[PDB]
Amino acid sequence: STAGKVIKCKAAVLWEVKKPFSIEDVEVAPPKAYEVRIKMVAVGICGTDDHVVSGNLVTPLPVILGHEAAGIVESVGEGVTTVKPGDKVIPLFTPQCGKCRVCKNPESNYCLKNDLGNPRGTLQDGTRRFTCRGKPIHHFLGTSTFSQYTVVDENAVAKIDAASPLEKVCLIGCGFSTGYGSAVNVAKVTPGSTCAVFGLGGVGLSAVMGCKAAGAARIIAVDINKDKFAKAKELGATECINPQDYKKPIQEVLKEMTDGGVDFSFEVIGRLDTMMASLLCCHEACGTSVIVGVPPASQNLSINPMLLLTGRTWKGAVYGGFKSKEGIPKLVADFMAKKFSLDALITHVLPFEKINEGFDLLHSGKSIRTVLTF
């Protein structure tokens, strides 16, 4: 069996930036106390993973990426009370340690045991658990789901419904709950409002889907990629516009189109020009601009503070404001109850081994979410 023994499996390792992943044999150490070893069943490719490949989000290399996933618990360490082997689970990229300031504060979810802020590349106890060619391989956001087995801290893992379709539900681990919560919990979109959503990746489209579930009267979807429009529209966008069609700055276009700005604007791309245009496009006295895309390392925005004095709210959030371990369970329950559908987001299913082809699909505007099967 495997419980308590090292596991040897395939995993896609990123040895260098801007280089392909290498499906390698790696040894995965057993769970220490309060840790869980999971067997990956399905994983989604998310833009945050692509940012590490591209050089925009620095994390310690070599690394096993991946964080949007669903799997079955193979073994649990001592102390682990929340998980039992055989339990279906979604690994959370933001832990909910339950004992820090942020975790106790009912409205905050960026727990202090996270590894996004200043990435160590390890698990919470400071150590790694993957070895490939004798060398230690670093973890990513403490989840590293781009491997057939991974070890995750207990506070970073959620037990979900035993009947959950893991090849659909893995989206709720990052992309969907991020997009949808951005609208429903972060910006708190109001019925009848006008919302703009910049970027239509699987997180951008769940933001559209969150604005529609909130009662937004209008949802303008912005993207330089026309092919995304049909899905946006099907999911709730009232209109879709492409910045390259206009001769004047996209915030001016939208201000003119909405009687001086939207009420709620969402940036789900991660570029500075669109984070600025997304601030600008919202109404000067009643707009909320929510930052969802992750910015390129060390870059800055020069804003005039007056943009804010008149009444604008600029905020950002991680995971759609969901406290990870309590939220992702309930959102799967909702999923089961048929409250929403993830099917339009999943455009491709590839075997794990075809991971690089999955990143090529993202890079070409051909895929919204690619799911990788183990």
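Numbers follow the displayed sequence, beginning with 1.
- Stretches 307-315 and 336-344 differ in mean CA B factor, with 336-344 having the higher one.
- Comparing 263-271 with 247-255, the higher mean C-alpha B-factor in the PDB entry belongs to 247-255.
- Of the candidates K104, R218, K168, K188, the deposited coordinates give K104 the top C-alpha B factor.
- Looking at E239, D153, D223, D227, the one whose CA carries the top B-factor in the deposited record is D227.
- Annotation for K99: C-alpha temperature factor in the highest third relative to the rest of the modelled chain, per the entry.
- When all modelled residues of the chain are sorted by CA temperature factor, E68 is found within the lowest third.
- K135: CA B factor in the highest third of modelled residues in this chain (values from the PDB entry).
- Residue-level temperature factors show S75 in the highest third of its chain, judged at the C-alpha atom.
- Sort the chain's modelled residues by C-alpha temperature factor and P62 lands in the highest third, per the entry.
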